[PDB]
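See below for the structure under consideration.
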Amino acid sequence: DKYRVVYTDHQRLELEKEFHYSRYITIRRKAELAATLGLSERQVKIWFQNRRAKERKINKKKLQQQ
DNA sequence: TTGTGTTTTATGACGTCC
DNA sequence: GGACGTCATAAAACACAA
């Protein structure tokens with residue numbers, strides 16, 4: 001049992017650089033990237049799902065209004 | 001330190017789509 | 001179908017005032 005794993009900065013770099021392109025992932029690029037960053041398509045799926053919840057959580061607060 | 005507060009992987013529940 | 005989307009949540013991993 002291994003609950004979690006941290007991702008190399010290079011994996012986090014590329015992953016993040018795609019989020020900038022689209023907050024959503026084509027099954028092509030899901031798999032195209034999965035392979036070039038050596039990670040399960042299911043992973044690149046959840047990372048993008050999670051990444052959005054961050055932008056959502058930042059953006060909510062960036063509504064400081066005050 | 002350290003303890004405590006936030007950030008990063010990850011899963012299951014349930015929902016939407018022609 | 002059957003792929004993905006949101007979630008509430010858990011726990012490893014990290015950051016950093018006292």
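For region A:16-29, check the following and say yes or no: at least one residue is among the aliphatic types (A, V, I, L, M) and under 9 Å from the mean Cα position of the chain (by Cα). Talk me through it step by step, then tell me what you get.
Of region A:16-29, the ones among the aliphatic types (A, V, I, L, M) are A:25, A:27.
Now narrow it down to the ones that are under 9 Å from the mean Cα position of the chain (by Cα): none.
The answer is no; no qualifying residue exists.
Output the qualifying pairs, or none if there are none: Cβ atoms under 6 angstrom, residues six or more apart or on different chains, first residue in region A:1-20 and without any contact (Cβ under 8 Å) to a residue 60 or more places away in the chain and surrounded by 10 or more Cβ atoms within 10 Å (Cβ to Cβ), second residue of a type in the set (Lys, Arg) and not in a loop (DSSP other than H, G, I, E, B).
A:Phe19/A:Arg51
Do you know which residues across region A:33-66 are surrounded by 14 or more Cβ atoms within 10 Å (Cβ to Cβ), among the hydrophobic types (A, V, I, L, M, F, W, C) and either free of Cβ contacts under 8 Å to residues at least 24 places away in the same chain or touching a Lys or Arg at 6+ places or on another chain (Cβ under 8 Å) (or both)?
Matches in region A:33-66: A:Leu33, A:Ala34, A:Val44, A:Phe48.
Out of the residues in region A:1-50 that are assigned to a helix (DSSP H, G or I) and in contact with an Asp or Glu (Cβ under 6 Å, 6 or more places away or on another chain), state the one that is farthest from DNA strand B (Cβ to nearest atom).
Narrowing region A:1-50 to residues assigned to a helix (DSSP H, G or I): A:9-21, A:27-36, A:41-50.
Okay, now just the ones that are also in contact with an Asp or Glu (Cβ under 6 Å, 6 or more places away or on another chain), so A:30-31, A:34.
Details: A:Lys30: 14, A:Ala31: 16, A:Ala34: 12 Å.
Residue satisfying both the conditions and the ranking: A:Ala31.
Readers should treat all values here as calculations from the given coordinates under stated rules, not as data from a laboratory. We place every Cβ from the backbone using ideal geometry, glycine too, and count neighbours over all the protein chains shown.
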